[PDB]
Number of protein chains: 2
Amino acid sequence: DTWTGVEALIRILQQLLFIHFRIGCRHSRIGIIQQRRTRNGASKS
Amino acid sequence: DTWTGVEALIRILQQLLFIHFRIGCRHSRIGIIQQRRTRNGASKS
(Lines give C-alpha, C1' and ligand atoms only; values in the text may rest on other atoms or scores of the structure.)
Protein backbone atom coordinates (compact mmCIF):
# COMPACT_ATOMS: atom_id res chain seq x y z
CA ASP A 1 0.00 0.00 0.00
CA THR A 2 3.07 2.27 0.02
CA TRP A 3 2.50 3.92 -3.39
CA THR A 4 -0.78 2.20 -4.19
CA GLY A 5 -1.99 4.20 -1.17
CA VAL A 6 -0.53 7.42 -2.61
CA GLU A 7 -1.17 7.14 -6.36
CA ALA A 8 -4.82 6.33 -5.59
CA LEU A 9 -4.71 9.17 -3.05
CA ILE A 10 -3.19 11.47 -5.68
CA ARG A 11 -6.22 10.89 -7.91
CA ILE A 12 -8.85 10.35 -5.23
CA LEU A 13 -8.08 13.89 -4.03
CA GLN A 14 -7.93 15.32 -7.55
CA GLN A 15 -11.06 13.35 -8.49
CA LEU A 16 -13.03 14.79 -5.55
CA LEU A 17 -11.97 18.39 -6.26
CA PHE A 18 -12.94 17.83 -9.91
CA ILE A 19 -16.47 17.33 -8.53
CA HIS A 20 -16.52 20.11 -5.90
CA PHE A 21 -15.71 22.67 -8.63
CA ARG A 22 -18.00 21.08 -11.25
CA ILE A 23 -20.75 20.61 -8.63
CA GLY A 24 -20.10 23.47 -6.17
CA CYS A 25 -18.88 26.32 -8.40
CA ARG A 26 -20.97 25.32 -11.44
CA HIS A 27 -23.27 22.40 -10.53
CA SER A 28 -25.89 21.58 -13.19
CA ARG A 29 -29.67 21.80 -12.68
CA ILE A 30 -30.25 18.21 -13.86
CA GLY A 31 -33.97 17.70 -13.15
CA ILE A 32 -35.59 21.16 -13.35
CA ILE A 33 -34.77 21.92 -17.01
CA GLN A 34 -37.04 24.99 -17.31
CA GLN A 35 -39.56 24.13 -14.57
CA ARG A 36 -39.42 26.00 -11.24
CA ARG A 37 -40.47 23.72 -8.36
CA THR A 38 -43.80 25.57 -7.96
CA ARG A 39 -41.84 28.04 -5.79
CA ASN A 40 -41.29 27.20 -2.10
CA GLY A 41 -45.04 26.75 -1.51
CA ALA A 42 -47.63 28.89 -3.32
CA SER A 43 -50.58 26.63 -2.41
CA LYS A 44 -52.49 25.12 -5.36
CA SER A 45 -54.76 27.03 -7.77
CA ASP B 1 -8.45 23.92 5.21
CA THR B 2 -11.33 22.05 3.53
CA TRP B 3 -10.00 22.20 -0.05
CA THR B 4 -6.72 23.95 0.73
CA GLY B 5 -6.03 20.70 2.62
CA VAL B 6 -6.99 18.61 -0.43
CA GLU B 7 -5.63 20.61 -3.40
CA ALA B 8 -2.26 20.80 -1.61
CA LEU B 9 -2.71 17.10 -0.81
CA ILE B 10 -3.55 16.40 -4.45
CA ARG B 11 -0.18 17.82 -5.48
CA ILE B 12 1.84 16.91 -2.40
CA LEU B 13 1.05 13.26 -3.20
CA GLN B 14 1.67 13.68 -6.93
CA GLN B 15 4.81 15.72 -6.17
CA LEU B 16 6.24 12.97 -3.93
CA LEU B 17 5.55 10.19 -6.46
CA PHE B 18 7.19 12.37 -9.13
CA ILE B 19 10.34 12.00 -7.00
CA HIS B 20 10.03 8.30 -6.06
CA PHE B 21 9.92 7.39 -9.77
CA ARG B 22 12.59 9.93 -10.81
CA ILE B 23 14.73 8.96 -7.78
CA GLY B 24 13.77 5.31 -7.16
CA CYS B 25 13.18 3.92 -10.67
CA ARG B 26 15.77 6.15 -12.38
CA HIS B 27 17.67 8.18 -9.76
CA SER B 28 20.72 10.05 -11.12
CA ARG B 29 24.33 9.44 -10.03
CA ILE B 30 24.93 13.13 -9.22
CA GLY B 31 28.40 13.07 -7.63
CA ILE B 32 30.22 10.06 -9.11
CA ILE B 33 30.18 11.16 -12.78
CA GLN B 34 32.64 8.51 -14.03
CA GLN B 35 34.51 7.85 -10.77
CA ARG B 36 33.82 4.62 -8.83
CA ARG B 37 34.16 5.21 -5.07
CA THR B 38 37.44 3.25 -4.93
CA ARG B 39 35.23 0.14 -4.63
CA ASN B 40 33.91 -0.86 -1.18
CA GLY B 41 37.44 -0.90 0.29
CA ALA B 42 40.46 -2.04 -1.75
CA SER B 43 43.04 -0.62 0.69
CA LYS B 44 45.40 2.02 -0.75
CA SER B 45 48.21 1.38 -3.26
# chains A, B, ... in the order shown; residues from 1 in each chain; ligands from 1
>>> interface_residues(of="chain B", to="chain A", cutoff="10 Å", atoms="only C-alpha atoms", output="list in words")
residues 3, 5, 6, 7, 8, 9, 10, 11, 12, 13, 14, 15, 16, 17 and 20 of chain B
>>> select_by_dssp(residues="chain B", states="helix (DSSP H, G or I)", output="PyMOL selection string")
chain B and resi 4-24
